[PDB]
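Input: a single structure, listed below in structure tokens.
Numbers and lists here come from the model and the stated rules, or from a named source; no laboratory instrument gave them. No Cβ is skipped: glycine too gets one built from the backbone with ideal geometry, and neighbour counts run over all protein chains shown.
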Amino acid sequence: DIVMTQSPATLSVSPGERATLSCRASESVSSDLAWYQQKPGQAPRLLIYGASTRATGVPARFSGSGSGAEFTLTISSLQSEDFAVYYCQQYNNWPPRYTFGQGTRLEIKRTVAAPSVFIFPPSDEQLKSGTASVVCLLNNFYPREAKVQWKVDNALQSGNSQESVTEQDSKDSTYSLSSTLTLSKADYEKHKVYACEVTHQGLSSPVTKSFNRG
Amino acid sequence: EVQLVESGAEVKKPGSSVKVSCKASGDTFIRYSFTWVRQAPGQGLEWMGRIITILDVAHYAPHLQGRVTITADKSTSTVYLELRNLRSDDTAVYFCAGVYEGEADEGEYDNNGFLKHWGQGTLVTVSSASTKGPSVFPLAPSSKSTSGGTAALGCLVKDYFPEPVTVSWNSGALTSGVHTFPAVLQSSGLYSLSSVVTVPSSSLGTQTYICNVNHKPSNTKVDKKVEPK
């Protein structure tokens, strides 16, 4: 019944700088609180446990602080490898009913980079299939916040389409959206112009890139 | 200092039951209490339960009581996690995790909640869909959109199942300057991702672009020539 809330849903900060994470707990969990670190596609990593004690073999930059219902995994000079989602685990009640925090992404904050929209039409081969897929890539950009709109014949219709951002990269450290309007065969043929409006923060103004069937 | 190994990823259908194994090696088995931690795609860790191995007792997560079980075979040194009545939401990567407890074989027991040793993770896809290789569709390089420097093109692995899928360009060479997006679950029950690579236009017509998509599950390896069409 214990709720563990990690307030900073997302924390953008730069390497070398100090990053701070705060795990909020329902009732008191005393000191039975651990912190984990998860790289995309990896098993978590036990960082801290018992609230303020680092796990064997862990960088001293990770500071475990707190007790009661207020814990803090503060990090001194954050590191390139220190990018990951952080999790707090509560394990104080008994019977065992341990709960995890909802997370916190420790993303690298960099320069507001604008997205270069590439609209890809549905390959005829794919259209011969029975459907059509218009891919509207959004290469290398930062604040993952990038509202995209699919306008069919200048129609703000918003439905049959599905986005997919990528993780933070290595070198560039940017994101790449990917909105995909998947229409039919008889309705793809029923419409003329297919536009994709990207409204990014680092975009001086809305940038519509489209195409007409052909 | 143990090393945990898990059973293979399994594709189970709704209302079924799945059993994931977890081999514990590198130390004294009974001195560890093992915990299963599941994580749905995009989602975060959810405590499934923990077995106080030596005692052969296991407590579970409220929202799972009844449909989950944790057992351990001290003989073979394995831990198991069984979920019955599988729903779609149960689809997740089930992690095996353990922690040392102390000379438990001697009465000493710390009974730790945290998890020091984690498994490689086992993915379980609970869906009504059926195993089916993908279909790659080339994304015509923006020739009438981008020029002057480089142009971006790619592939569109559509309608595949269960998961996952690997992607490489030019037999595995042009893996640089590529942004392979995480797959996405379509209403049909199938997934579909996309791979792209922003490369110089002046190289369109000599370096026949081909994304190499593989899907071991269906055992269907696909190659598609992305001609600057």
Flag if residue B:72 is away from chain A (no Cβ under 14 Å) and hydrophobic (A, V, I, L, M, F, W, C): yes
Which listed residue, of A:15, A:44, A:8, is in contact with a helix residue (DSSP H, G or I) (Cβ under 8 Å, 6 or more places away or on another chain), in contact (Cβ under 8 Å) with a residue 40 or more places away in the chain and either in the same structural domain as residue A:93 (by CATH) or of a type in the set (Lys, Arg) (or both): A:15
Residues that are facing another protein chain (nearest Cβ under 9 Å) and assigned to a strand (DSSP E or B), drawn from the range B:23-46: B:35, B:37, B:39, B:46
Which numbered condition residue A:170 misses (of (1) in contact with a helix residue (DSSP H, G or I) (Cβ under 9 Å, 6 or more places away or on another chain); (2) surrounded by 18 or more Cβ atoms within 10 Å (Cβ to Cβ); (3) free of Cβ contacts under 8 Å to residues at least 24 places away in the same chain): (2)
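For the range B:93-113, give me each residue that is assigned to a loop (DSSP other than H, G, I, E, B), within 14 Å of chain A (Cβ to nearest Cβ) and surrounded by fewer than 22 Cβ atoms within 10 Å (Cβ to Cβ).
So the first thing to find is which residues in the range B:93-113 are assigned to a loop (DSSP other than H, G, I, E, B), and the list is B:101-103, B:107-113.
Filter once more, so that each one left must be within 14 Å of chain A (Cβ to nearest Cβ): B:101, B:109-113.
If the condition is that a residue be assigned to a loop (DSSP other than H, G, I, E, B), within 14 Å of chain A (Cβ to nearest Cβ) and surrounded by fewer than 22 Cβ atoms within 10 Å (Cβ to Cβ), then B:101, B:109, B:110, B:111, B:112 are the ones that fit.
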Strands (runs of 3 or more DSSP E) (entirely within the range A:50-112) containing at least 3 residues that are of a type in the set (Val, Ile, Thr) and either in contact with a helix residue (DSSP H, G or I) (Cβ under 8 Å, 6 or more places away or on another chain) or touching a residue at least 40 places away in the same chain (Cβ under 8 Å) (or both): A:70-75
Residue satisfying condition, being under 16 Å from the mean Cα position of the chain (by Cα) and not aliphatic (A, V, I, L, M), within set B:109, B:94: B:94
When residues of the range A:33-45 are limited to those that are assigned to a loop (DSSP other than H, G, I, E, B), in contact with a strand residue (DSSP E or B) (Cβ under 7 Å, 6 or more places away or on another chain) and over 15 Å from residue A:102 (Cβ atoms), the one farthest from the other protein chains (Cβ to nearest Cβ): A:39
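Tally the residues that are in a strand (DSSP E or B), touching a residue at least 24 places away in the same chain (Cβ under 8 Å) and under 21 Å from the mean Cα position of the chain (by Cα), restricting the search to the range B:186-222. Talk me through it step by step, then tell me what you get.
As a first pass, look at the range B:186-222 and keep what is in a strand (DSSP E or B): B:191-200, B:209-215, B:220-222.
Applying the additional criterion that residues be touching a residue at least 24 places away in the same chain (Cβ under 8 Å) yields B:191-200, B:209-215, B:220, B:222.
Still in the list and also under 21 Å from the mean Cα position of the chain (by Cα): B:191-195, B:212-215, B:220, B:222.
Residues meeting the conditions: 11.
When the range A:118-134 is examined, which residues are found to be within 8 Å of chain B (Cβ to nearest Cβ) and either in contact with a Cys (Cβ under 7 Å, 6 or more places away or on another chain) or surrounded by 17 or more Cβ atoms within 10 Å (Cβ to Cβ) (or both)?
Here is the first cut: in the range A:118-134, the ones within 8 Å of chain B (Cβ to nearest Cβ) are A:118-123, A:125-126, A:129, A:133.
Once the filter is applied, which keeps residues that are within 8 Å of chain B (Cβ to nearest Cβ) and either in contact with a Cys (Cβ under 7 Å, 6 or more places away or on another chain) or surrounded by 17 or more Cβ atoms within 10 Å (Cβ to Cβ) (or both), the range A:118-134 yields A:118, A:119, A:120, A:121, A:122, A:123, A:126, A:133.
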Output for the range A:174-186, where each listed residue is within 13 Å of chain B (Cβ to nearest Cβ) and of a type outside the set (A, V, I, L, M, F, W, C): A:174, A:175, A:176, A:178, A:179, A:180, A:182
Every residue from the range A:133-167 that is farther than 19 Å from residue A:211 by Cβ and in contact (Cβ under 8 Å) with a residue 40 or more places away in the chain: A:141, A:142, A:143, A:145, A:146, A:147, A:167
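Condition check ((1) within 10 Å of chain B (Cβ to nearest Cβ); (2) surrounded by 16 or more Cβ atoms within 10 Å (Cβ to Cβ); (3) among the hydroxyl-bearing types (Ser, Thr, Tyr); (4) more than 21 Å from residue B:153 (Cβ to Cβ)) across all residues:
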site: A:136; (1), (2), (3), (4): no, yes, no, no
site: A:139; (1), (2), (3), (4): yes, yes, no, no
site: A:149; (1), (2), (3), (4): no, yes, no, yes
site: A:152; (1), (2), (3), (4): no, yes, no, yes
site: A:188; (1), (2), (3), (4): no, yes, yes, no
site: A:194; (1), (2), (3), (4): no, yes, yes, no
site: A:214; (1), (2), (3), (4): no, no, no, no
Odd one out for residue A:68 among (1) at the interface with chain B (Cβ under 10 Å from one of its Cβ atoms); (2) over 24 Å from the mean Cα position of the chain (by Cα): (1)
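Mind checking which residues of the range B:140-156 are more than 7 Å from every other protein chain (Cβ to nearest Cβ) and either of a type in the set (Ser, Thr, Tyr) or in contact (Cβ under 8 Å) with a residue 60 or more places away in the chain (or both)? Lay out the reasoning, then the answer.
Start the filter on the range B:140-156 by keeping residues that are more than 7 Å from every other protein chain (Cβ to nearest Cβ), which leaves B:141, B:143-144, B:147-151, B:153-155.
Selection gives B:141, B:143, B:147, B:150, B:153, B:154, B:155.
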Check on residue B:86, assigned by CATH to the domain that holds residue B:12, surrounded by fewer than 22 Cβ atoms within 10 Å (Cβ to Cβ), in contact (Cβ under 8 Å) with a residue 12 or more places away in the chain and under 24 Å from the mean Cα position of the chain (by Cα): yes
Search result, residues across the range B:119-139 that are in contact with a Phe, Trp or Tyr (Cβ under 6 Å, 6 or more places away or on another chain) and at the interface with chain A (Cβ under 7 Å from one of its Cβ atoms): B:119, B:121, B:139
Within the range A:130-179, tally of residues that are more than 23 Å from residue A:84 (Cα to Cα), part of a strand (DSSP E or B) and touching a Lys or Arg at 6+ places or on another chain (Cβ under 9 Å): 4
